[PDB]
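Alright, here's a single protein chain in two forms, structure 1 and structure 2, each given by itself as structure tokens.
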Structure 1
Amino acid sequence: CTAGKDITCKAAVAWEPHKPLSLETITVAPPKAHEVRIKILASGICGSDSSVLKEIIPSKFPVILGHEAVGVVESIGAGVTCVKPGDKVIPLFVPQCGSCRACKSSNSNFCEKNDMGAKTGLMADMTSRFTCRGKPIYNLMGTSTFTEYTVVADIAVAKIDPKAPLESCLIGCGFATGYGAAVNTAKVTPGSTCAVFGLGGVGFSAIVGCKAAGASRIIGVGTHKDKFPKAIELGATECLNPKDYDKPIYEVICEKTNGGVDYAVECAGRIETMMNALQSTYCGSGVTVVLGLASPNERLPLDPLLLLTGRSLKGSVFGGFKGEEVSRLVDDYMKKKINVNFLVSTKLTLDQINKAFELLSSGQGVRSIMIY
């Protein structure tokens, strides 16, 4: 057994930004009080991971990235009762302490114990469980999944169906985010018209969400036409490539939808796309949701007049879902209510992790995952 013992395993470390991830042999210490050590079965590669490497999203280095995964509990530390060794779980980059204002609230999931603000890259006691070449390695949002074993706080684990498929790892971020953006944040209504900007893992998940919600028209907007067939198959009623157009994408959309769509979901993070998304909505009531993050300190030059006639601009993290709702998502997935696995376009090993980033960089596929 490995309980109470340090584990040496493989992991993809980011020693510095703008550089390919380095595969290293690392040491994972045993879990401390209210911590759980998890054996990762599968991990996904998110755009967010790429953004940390590019320094778009602030982070300390060296660091082990990844926050989209499914695994099984290897051992638990003192005080843990929410899970036991052998339980299949999904790590939560947005924890659920259950006692903060956000957790007590029914309209928020932004638990105040998240590390997205402080960015300590360390456990609660300010120490690291990861060691490589005598050096402490920082974690990502209390998770880090680009490693065979990881340690997370017990308030950041979601127990799920023992038989859940490995593709279920997308529910750990990409799918919950896009799907939730349409169903929880925007709150797409039956018969409504929607537009999704950015056709990556999140965008496709948002398309699946708009369809689940009953939208009559779902417009996928992106610049990689090779993805359009896929988008249609998953629910989009049509796709638009802004590069084919000379006139603004939002004028094109408004002209095709009697003034604009009812709901727009921006999944690129670019200021331009955010602006295009907003103006693509009906001025009298359109709702726009932003999910991505722009560079360090870029700003959206917003004309208050665009909101005055009736528009709403919203944002959310993890699709607005609470950790206690992840299991329900896995259940629906296994009951075929949502085909998450349809979004997995590539399966790799941890050794090929850099290939996944290459696929993103280029801008193709849907979502690659790694099987450990």
Structure 2
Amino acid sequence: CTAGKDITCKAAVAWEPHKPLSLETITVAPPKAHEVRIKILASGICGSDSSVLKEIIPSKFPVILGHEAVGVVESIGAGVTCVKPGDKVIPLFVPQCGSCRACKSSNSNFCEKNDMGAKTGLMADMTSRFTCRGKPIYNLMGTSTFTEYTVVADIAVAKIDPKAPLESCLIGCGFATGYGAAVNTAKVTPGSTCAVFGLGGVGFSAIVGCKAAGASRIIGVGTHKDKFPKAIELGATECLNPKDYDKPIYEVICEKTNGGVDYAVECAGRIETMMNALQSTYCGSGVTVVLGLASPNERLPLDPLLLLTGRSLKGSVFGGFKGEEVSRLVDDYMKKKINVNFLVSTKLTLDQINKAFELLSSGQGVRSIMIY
């Protein structure tokens, strides 16, 4: 039994930015009050994890990344009632305290207890449960999944079906984000025309989302044509490679869609892709959703006239989903309403984690996950 005891396990540590993750032996302390220690079963590698390493997204170091996973509760701290040892769960990088303005609302999921703003990289009591070589290691958005065991607040966990597949880990971020961006944020309607920019994990999930919402046309826009067949299989009606064109991609799209698409979803994290997405929508009612994160000091040179005719520009985190909605997604996945496992193009071990980061730059595949 490991309850109430320190656990020694394997984890991928980021001692510094711009450097490959280091496989280390670490110590994971027992959960304190209102905390839950989880044995990670599978973890996905998200573009945001890569961005932290490139300093595109701020974070303290040393740090254990990863925020897309599925696991089983190993033990619970004092006062915990929402889960119990043995329950299968998905860590939430966007918690749900249930009492803040966002949580009490039905139009927001941005719980104020999130650490995306403060970036403390520590637990609620400002201490760390991670130790490596006698040094406290910071966590990522209250999760950290690039480790065999992690500890999270009891408001940052979603209990799910005990038999949920290991591929359910994508629901921890990438899939819920892209899927939700289409279904919740953009609010894609039946028969509408959509365009998705950036065919990575999130982008493919957005394509699946637009299809589920009933779009009549879904245009996948990316620079790696090897992904096109896959994109079509998952819902895209056609794909376009901006590099093939001399004329602006938004002009190409507007010419093909009677003036522009109804909904555009940006999933690359590039100011240029955001601008292309916006201008690819119909000026009279087009809706653009930005999901990607660009360098902190980059800005979108927005001409207000682009919005004046009737356009909308919005953004969201975790597809606008609240933690309490995660289980339902897992259910739909098992009922085959959504085949999340289709997005898993590569399965690796924790030791091969750096390969997943290498693939992120490759011109193929969708999502890589690790089975511990």
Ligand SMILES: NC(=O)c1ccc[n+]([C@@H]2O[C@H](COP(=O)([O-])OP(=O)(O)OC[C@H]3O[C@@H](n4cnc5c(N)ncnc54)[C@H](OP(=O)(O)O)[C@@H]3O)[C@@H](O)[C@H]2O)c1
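Every residue number counts along structure 1's sequence, beginning with 1. Shifts are known only where both forms have a C-alpha. Between two forms, the rigid core is defined as the largest C-alpha subset superposing within 1.5 Å.
The chain as displayed in structure 1 is taken from the form solved without this ligand. Positional change of residue 20 between structures 1 and 2 stays under 2 Å at the C-alpha, relative to the superposed core.
When the rigid core is held fixed, the Cα atom of residue 352 travels less than 2 angstroms between structures 1 and 2. Look at residue 294: with the core superposed, its C-alpha moves 0.5 Å between structures 1 and 2.
Here the rigid core is superposed, and residue 363 then shows its C-alpha moved by 3.9 angstrom between structures 1 and 2. Core-superposed comparison between structures 1 and 2: residues with C-alpha shifts of 2 Å or more form a single run of three or more, at 361 to 364.
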